[PDB]
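Participant: Pasting a structure here, questions to come.
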Amino acid sequence: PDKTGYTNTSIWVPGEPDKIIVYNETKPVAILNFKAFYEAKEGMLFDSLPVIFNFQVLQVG
Amino acid sequence: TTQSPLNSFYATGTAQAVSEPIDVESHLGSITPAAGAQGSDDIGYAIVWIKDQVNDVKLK
Ligand SMILES: [Ca+2]
Ligand SMILES: [Ca+2]
C-alpha cells in the first residue's frame with residue numbers, strides 16, 4: 001500500500017468483483033477456482049452427499 | 001667492631017591483574033519463520049568491551 005502501483009487497490013475472485021479478498025494490506029494469498037465436468041448416472045436420485053477435497057503440503061520455501 | 005654484609009637495601013612495588021581481558025554483553029533477537037520456510041534475518045549484536053592495554057584479541 002505504500003507504493004505507487006498499489007495506492008488503493010483490491011484483490012477479488014475472477015469474474016466476481018463483489019467478493020473482495022484483500023484491501024489495502026499486505027497479505028500473500030492464492031485463489032484456487034473450481035469447475036466441474038460431470039455425468040450423472042442414469043436414474044439415480046440423490047439429495048445431499050458431499051464432495052470432499054483434501055490438501056496436503058509437500059514442500060515449502 | 002661491625003662488619004656489614006651491605007645487603008640490607010630494598011625497593012618494592014606491586015602488580016595486579018583483577019579483570020578479564022574482555023566483557024561480552026548480548027542483545028540478540030529472534031528467528032520467527034513459518035513451518036518449513038526459507039529466509040534470512042538480522043539477529044542483533046553483541047558488545048565486546050576491551051580492557052586495560054589490550055590491543056589484539058583472538059576468540060573462538
Ligand atoms: Ca522446506
Ligand atoms: Ca596491549
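Naming scheme: A, B, ... for chains in displayed order of the C-alpha cells; residues 1 onward per chain; ligands 1 onward as shown.
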For range 45-60 of chain B, find every residue with an atom within 10 Å (counting only C-alpha atoms), except residues of its own chain fewer than 6 positions away, and show them as an mmCIF file with C-alpha atoms, in the first residue's frame.
Facilitator:
data_model
loop_
_atom_site.group_PDB
_atom_site.id
_atom_site.type_symbol
_atom_site.label_atom_id
_atom_site.label_comp_id
_atom_site.auth_asym_id
_atom_site.auth_seq_id
_atom_site.Cartn_x
_atom_site.Cartn_y
_atom_site.Cartn_z
ATOM 1 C CA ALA B 17 45.528 -8.428 37.161
ATOM 2 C CA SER B 19 39.967 -8.039 35.288
ATOM 3 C CA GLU B 20 39.482 -10.478 32.448
ATOM 4 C CA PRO B 21 40.625 -9.171 29.039
ATOM 5 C CA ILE B 22 37.108 -8.852 27.554
ATOM 6 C CA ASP B 23 33.485 -8.386 28.589
ATOM 7 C CA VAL B 24 30.609 -9.643 26.420
ATOM 8 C CA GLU B 25 27.024 -8.384 26.694
ATOM 9 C CA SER B 26 24.359 -9.735 24.351
ATOM 10 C CA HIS B 27 21.498 -8.003 22.520
ATOM 11 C CA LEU B 28 20.406 -10.801 20.196
ATOM 12 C CA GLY B 29 16.933 -11.166 18.724
#
Participant: Using only C-alpha atoms and all ligand atoms, find each residue with an atom at most 6 Å away from ligand 1 and format the answer as a ChimeraX atom specification.
Facilitator: /A:59-61 /B:36-37
Participant: Just to be explicit: take each residue in the selection above, keep N, CA and C atoms, and write the result as a short mmCIF file (atom, residue, chain, number, x, y, z; two decimals), in the first residue's frame.
Facilitator:
data_model
loop_
_atom_site.label_atom_id
_atom_site.label_comp_id
_atom_site.auth_asym_id
_atom_site.auth_seq_id
_atom_site.Cartn_x
_atom_site.Cartn_y
_atom_site.Cartn_z
N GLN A 59 6.13 -29.42 0.16
CA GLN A 59 7.36 -28.68 0.36
C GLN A 59 7.04 -27.19 0.44
N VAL A 60 7.86 -26.47 1.21
CA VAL A 60 7.68 -25.04 1.44
C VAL A 60 9.05 -24.37 1.43
N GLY A 61 9.09 -23.17 0.86
CA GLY A 61 10.29 -22.36 0.89
C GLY A 61 9.98 -20.88 1.05
N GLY B 36 8.79 -24.85 8.01
CA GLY B 36 9.41 -25.28 6.77
C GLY B 36 9.82 -24.18 5.83
N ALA B 37 9.75 -22.92 6.25
CA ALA B 37 10.04 -21.80 5.36
C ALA B 37 11.54 -21.57 5.24
#
Participant: Find the residues around residue 10 in chain A up to 12 Å (only C-alpha atoms counted), leave out those fewer than 3 positions away in its own chain, and share them as a list in words.
Facilitator: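 The neighbour list is residues 1, 5, 6, 7, 13, 17, 18, 19, 20, 21, 22, 23, 24, 25, 26 and 27 of chain A.
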Participant: Those residues you just picked out, can you put them in a file as a PDB file, in the first residue's frame with N, CA, C and O atoms?
Facilitator:
ATOM      1  N   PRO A   1       0.798  -1.240   0.000  1.00  0.00           N
ATOM      2  CA  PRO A   1       0.000   0.000   0.000  1.00  0.00           C
ATOM      3  C   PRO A   1       0.821   1.277   0.000  1.00  0.00           C
ATOM      4  O   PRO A   1       0.286   2.333  -0.356  1.00  0.00           O
ATOM      5  N   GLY A   5       2.085   1.857  -7.423  1.00  0.00           N
ATOM      6  CA  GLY A   5       1.143   0.994  -8.115  1.00  0.00           C
ATOM      7  C   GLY A   5       0.037   0.435  -7.245  1.00  0.00           C
ATOM      8  O   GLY A   5      -0.986  -0.009  -7.774  1.00  0.00           O
ATOM      9  N   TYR A   6       0.212   0.446  -5.928  1.00  0.00           N
ATOM     10  CA  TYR A   6      -0.709  -0.204  -5.004  1.00  0.00           C
ATOM     11  C   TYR A   6      -1.367   0.811  -4.075  1.00  0.00           C
ATOM     12  O   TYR A   6      -1.448   0.605  -2.863  1.00  0.00           O
ATOM     13  N   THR A   7      -1.840   1.927  -4.635  1.00  0.00           N
ATOM     14  CA  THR A   7      -2.362   3.015  -3.811  1.00  0.00           C
ATOM     15  C   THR A   7      -3.584   2.574  -3.010  1.00  0.00           C
ATOM     16  O   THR A   7      -3.536   2.478  -1.779  1.00  0.00           O
ATOM     17  N   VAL A  13     -12.092 -12.299  -6.543  1.00  0.00           N
ATOM     18  CA  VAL A  13     -12.227 -13.550  -7.300  1.00  0.00           C
ATOM     19  C   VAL A  13     -12.471 -13.226  -8.768  1.00  0.00           C
ATOM     20  O   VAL A  13     -13.244 -12.299  -9.069  1.00  0.00           O
ATOM     21  N   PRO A  17     -16.580  -9.318  -9.048  1.00  0.00           N
ATOM     22  CA  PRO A  17     -15.960  -8.157  -8.388  1.00  0.00           C
ATOM     23  C   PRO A  17     -16.473  -7.886  -6.985  1.00  0.00           C
ATOM     24  O   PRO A  17     -15.796  -7.181  -6.228  1.00  0.00           O
ATOM     25  N   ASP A  18     -17.640  -8.409  -6.612  1.00  0.00           N
ATOM     26  CA  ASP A  18     -18.209  -8.117  -5.302  1.00  0.00           C
ATOM     27  C   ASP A  18     -17.580  -8.930  -4.180  1.00  0.00           C
ATOM     28  O   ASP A  18     -17.829  -8.630  -3.007  1.00  0.00           O
ATOM     29  N   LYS A  19     -16.776  -9.944  -4.499  1.00  0.00           N
ATOM     30  CA  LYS A  19     -16.126 -10.775  -3.486  1.00  0.00           C
ATOM     31  C   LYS A  19     -14.662 -10.354  -3.380  1.00  0.00           C
ATOM     32  O   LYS A  19     -13.771 -10.922  -4.007  1.00  0.00           O
ATOM     33  N   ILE A  20     -14.426  -9.340  -2.555  1.00  0.00           N
ATOM     34  CA  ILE A  20     -13.094  -8.780  -2.360  1.00  0.00           C
ATOM     35  C   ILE A  20     -12.369  -9.585  -1.289  1.00  0.00           C
ATOM     36  O   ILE A  20     -12.916  -9.838  -0.210  1.00  0.00           O
ATOM     37  N   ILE A  21     -11.138  -9.989  -1.590  1.00  0.00           N
ATOM     38  CA  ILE A  21     -10.349 -10.805  -0.671  1.00  0.00           C
ATOM     39  C   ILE A  21      -9.419  -9.948   0.178  1.00  0.00           C
ATOM     40  O   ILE A  21      -9.365 -10.097   1.402  1.00  0.00           O
ATOM     41  N   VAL A  22      -8.673  -9.041  -0.450  1.00  0.00           N
ATOM     42  CA  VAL A  22      -7.667  -8.232   0.229  1.00  0.00           C
ATOM     43  C   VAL A  22      -7.872  -6.774  -0.155  1.00  0.00           C
ATOM     44  O   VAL A  22      -8.147  -6.463  -1.320  1.00  0.00           O
ATOM     45  N   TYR A  23      -7.743  -5.878   0.824  1.00  0.00           N
ATOM     46  CA  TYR A  23      -7.967  -4.452   0.611  1.00  0.00           C
ATOM     47  C   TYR A  23      -6.948  -3.648   1.407  1.00  0.00           C
ATOM     48  O   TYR A  23      -7.001  -3.626   2.640  1.00  0.00           O
ATOM     49  N   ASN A  24      -6.032  -2.986   0.693  1.00  0.00           N
ATOM     50  CA  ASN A  24      -5.057  -2.057   1.279  1.00  0.00           C
ATOM     51  C   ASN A  24      -4.259  -2.674   2.423  1.00  0.00           C
ATOM     52  O   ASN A  24      -4.005  -2.024   3.438  1.00  0.00           O
ATOM     53  N   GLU A  25      -3.849  -3.930   2.274  1.00  0.00           N
ATOM     54  CA  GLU A  25      -2.969  -4.538   3.258  1.00  0.00           C
ATOM     55  C   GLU A  25      -2.138  -5.620   2.585  1.00  0.00           C
ATOM     56  O   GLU A  25      -2.497  -6.139   1.526  1.00  0.00           O
ATOM     57  N   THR A  26      -1.013  -5.948   3.215  1.00  0.00           N
ATOM     58  CA  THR A  26      -0.083  -6.943   2.687  1.00  0.00           C
ATOM     59  C   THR A  26      -0.459  -8.304   3.260  1.00  0.00           C
ATOM     60  O   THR A  26      -0.190  -8.598   4.427  1.00  0.00           O
ATOM     61  N   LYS A  27      -1.089  -9.136   2.433  1.00  0.00           N
ATOM     62  CA  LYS A  27      -1.455 -10.499   2.810  1.00  0.00           C
ATOM     63  C   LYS A  27      -1.253 -11.396   1.596  1.00  0.00           C
ATOM     64  O   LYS A  27      -2.128 -11.465   0.718  1.00  0.00           O
TER      65      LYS A  27
END
Participant: Show me, as a list in words, the residues of chain B whose atoms get within 12 Å of chain A, using only C-alpha atoms for the distance check.
Facilitator: residues 33, 34, 35, 36, 37, 38, 39 and 40 of chain B
Participant: For the structure I just gave you, how does DSSP split chain A - specifically, which residues are strand (DSSP E)? Reply as an NGL selection string.
Facilitator: :A and (10-12 or 20-23)
Participant: Please provide the set of residues having any atom within 9 Å of range 32-40 of chain A, restricted to only C-alpha atoms, with same-chain residues fewer than 2 positions apart removed, written as an mmCIF file with N, CA and C atoms, in the first residue's frame.
Facilitator:
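around-v4.cif, freshly written:
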data_model
loop_
_atom_site.group_PDB
_atom_site.id
_atom_site.type_symbol
_atom_site.label_atom_id
_atom_site.label_comp_id
_atom_site.auth_asym_id
_atom_site.auth_seq_id
_atom_site.Cartn_x
_atom_site.Cartn_y
_atom_site.Cartn_z
ATOM 1 N N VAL A 13 -12.092 -12.299 -6.543
ATOM 2 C CA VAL A 13 -12.227 -13.550 -7.300
ATOM 3 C C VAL A 13 -12.471 -13.226 -8.768
ATOM 4 N N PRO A 14 -11.840 -13.933 -9.707
ATOM 5 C CA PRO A 14 -12.035 -13.617 -11.129
ATOM 6 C C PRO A 14 -13.498 -13.704 -11.540
ATOM 7 N N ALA A 30 -3.342 -16.880 -2.394
ATOM 8 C CA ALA A 30 -3.576 -17.571 -3.652
ATOM 9 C C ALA A 30 -5.033 -18.005 -3.713
ATOM 10 N N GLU A 42 -27.631 -42.764 -14.790
ATOM 11 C CA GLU A 42 -28.996 -42.821 -15.300
ATOM 12 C C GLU A 42 -29.948 -43.339 -14.227
ATOM 13 N N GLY A 43 -30.949 -42.530 -13.883
ATOM 14 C CA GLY A 43 -31.997 -42.937 -12.974
ATOM 15 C C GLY A 43 -31.679 -42.819 -11.501
ATOM 16 N N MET A 44 -30.490 -42.350 -11.137
ATOM 17 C CA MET A 44 -30.086 -42.271 -9.739
ATOM 18 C C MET A 44 -30.560 -40.953 -9.137
#
Participant: Record the distance separating CA of residue 29 in chain A and CA of residue 4 in chain A, expressed in Å with one decimal.
Facilitator: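 Computed distance, CA of residue 29 in chain A to CA of residue 4 in chain A, equals 20.6 Å.
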Participant: At what distance in Å, to one decimal, does CA of residue 41 in chain B lie from CA of residue 3 in chain A?
Facilitator: 23.1 Å
Participant: To one decimal place, how far is CA of residue 12 in chain A from CA of residue 31 in chain A in Å?
Facilitator: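 It comes out at 9.0 Å.
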